[PDB]
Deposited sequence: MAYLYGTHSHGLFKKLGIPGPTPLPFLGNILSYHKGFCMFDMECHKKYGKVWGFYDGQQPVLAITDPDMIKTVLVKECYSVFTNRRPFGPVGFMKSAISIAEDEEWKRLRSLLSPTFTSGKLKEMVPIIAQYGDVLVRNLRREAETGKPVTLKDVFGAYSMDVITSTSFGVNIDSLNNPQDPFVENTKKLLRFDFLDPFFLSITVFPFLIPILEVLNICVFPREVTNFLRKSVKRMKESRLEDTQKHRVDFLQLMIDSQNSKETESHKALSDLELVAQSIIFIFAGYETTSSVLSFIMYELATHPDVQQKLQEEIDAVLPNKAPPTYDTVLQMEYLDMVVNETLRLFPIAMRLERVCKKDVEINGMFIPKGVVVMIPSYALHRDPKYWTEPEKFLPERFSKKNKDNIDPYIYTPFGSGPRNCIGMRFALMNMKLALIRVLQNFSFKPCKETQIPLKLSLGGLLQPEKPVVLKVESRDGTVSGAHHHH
């Protein structure tokens, strides 16, 4: 019934099938859908996830309008996500006024100082990361990167926010389809919101963080903060600092392997700023510009978010286009990062895109790997530091080459989340 909203507004888009909308088109993944749609319809198009209208925009001013200018007023919240349960109070899932309070309460966790407090602490598990890697390198056995990176990433997040120290080769107490049917049956979300389909593992263990850091800064600031809400924020932070940190690290190492000129040119800078394999510090990391380039260029090819979303909470007319209340506005971050109308040879890995000679010819509303505006990635600065500190210690000791079973070229997960089809396996040699 509601499948004529874009036929009405004169906005092009793929013809939706009843009930399904255009979800059958996701058979190649969200990214191949947005890339094709970006070609088919232009700067603006609209489709339907079930009965839910999605408006895709690609205009830098419209994107600046949505994510920044009209954030607090109209585009405060993301698509409703359920069933969540108590996790409705998580910052990334909370809406309107409740989200504003959580954003203020958790913002001072990633100040330039609180991050600088974390550099002496992060410098530990990188040496566990090297020593765990020196074992699988002295034996000529190819290495699953996400295993030893995730083992590292998990070690970082548990201490940077709480303080628990665990080598992630022994028992790691941290375990963690149908979401398609959720889009045809979003009416089933409130259904599952009563049968408590939301494990009690950390729901009582992290709840029993009696402690009698991020965990410190929460009870210290407790219209204040709750406790079951404190657990939910811990779950969000623990996931992000693990999966996002590890997945991107595998992405970077795959590119350094298939582009050995970029791997050596980066190794030459690390030994320069840090001679005699010096331990990386807060200020020596921010000095390395080629490392910043390699990180940014990998995030162009693999923005793990793929899409930025905002629910339009009332009728508006942004940049000369009427947008009705309830529409989910979408920024195809993946399709924008590979749009040839902005990037030269956009499928190629070229870190020189982000050189200070060329970093000005890049629109920060086309390149948006961390979002933008008041609801951008809250851990953007931390994640950049945690990854870079990891990249320094690893490349200071090991080089990386492709293996026989290394998937070249890498296929993206044609499924839901931005991951590789096959895991990233590379040979590791010792310098």
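No C-alpha positions are given for the deposited-sequence stretches 1 to 7, 184 to 197, 220 to 225, 240 to 249, 260 to 267, 477 to 487.
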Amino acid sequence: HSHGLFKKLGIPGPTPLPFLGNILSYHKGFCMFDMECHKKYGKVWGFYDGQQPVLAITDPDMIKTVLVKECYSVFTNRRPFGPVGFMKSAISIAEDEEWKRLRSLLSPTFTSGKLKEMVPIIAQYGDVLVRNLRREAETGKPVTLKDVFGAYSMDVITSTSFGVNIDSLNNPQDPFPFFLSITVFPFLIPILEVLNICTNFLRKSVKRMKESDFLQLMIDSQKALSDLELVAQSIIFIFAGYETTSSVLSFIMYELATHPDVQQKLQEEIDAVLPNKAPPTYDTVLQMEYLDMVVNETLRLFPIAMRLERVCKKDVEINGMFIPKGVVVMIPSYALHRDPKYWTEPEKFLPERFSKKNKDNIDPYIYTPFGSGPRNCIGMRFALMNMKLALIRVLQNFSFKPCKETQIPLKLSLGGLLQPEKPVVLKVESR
From here on, numbers count along this sequence of modelled residues.
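C-alpha atoms forming the largest set that superposes within 1.5 Å between two forms make up the rigid core.
Superposition on the core shows that, in 9 other deposited structures of this protein, the C-alpha atoms drift more in one of 232 to 240 and 333 to 341; this is 232 to 240.
The stretch that moves more in 9 other deposited structures of this protein, judged by CA deviation after a rigid core superposition and choosing between 116 to 124 and 247 to 255, is 116 to 124.
As listed in the deposited structure, the average C-alpha B-factor of 389 to 397 and of 376 to 384 is greater for 389 to 397. Looking at 399 to 407 and 63 to 71 together, the entry lists the larger mean B-factor for 399 to 407, computed on C-alpha atoms. Taking the PDB entry at face value, the top CA B factor among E352, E95, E309, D127 belongs to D127. Considering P303, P275, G326, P332 together, the PDB entry gives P275 the largest C-alpha B factor.
The deposited CA B-factor of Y282 belongs to the middle third of values across its chain.
Among the modelled residues of its chain, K146 has a C-alpha B-factor that falls in the middle third, as given in the PDB entry.
When the CA B factors of the chain's modelled residues are split into thirds, the value for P80 lands in the lowest one.
For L414, the recorded CA temperature factor ranks within the highest third of the chain's modelled residues. The deposited CA B-factor of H259 belongs to the middle third of values across its chain.
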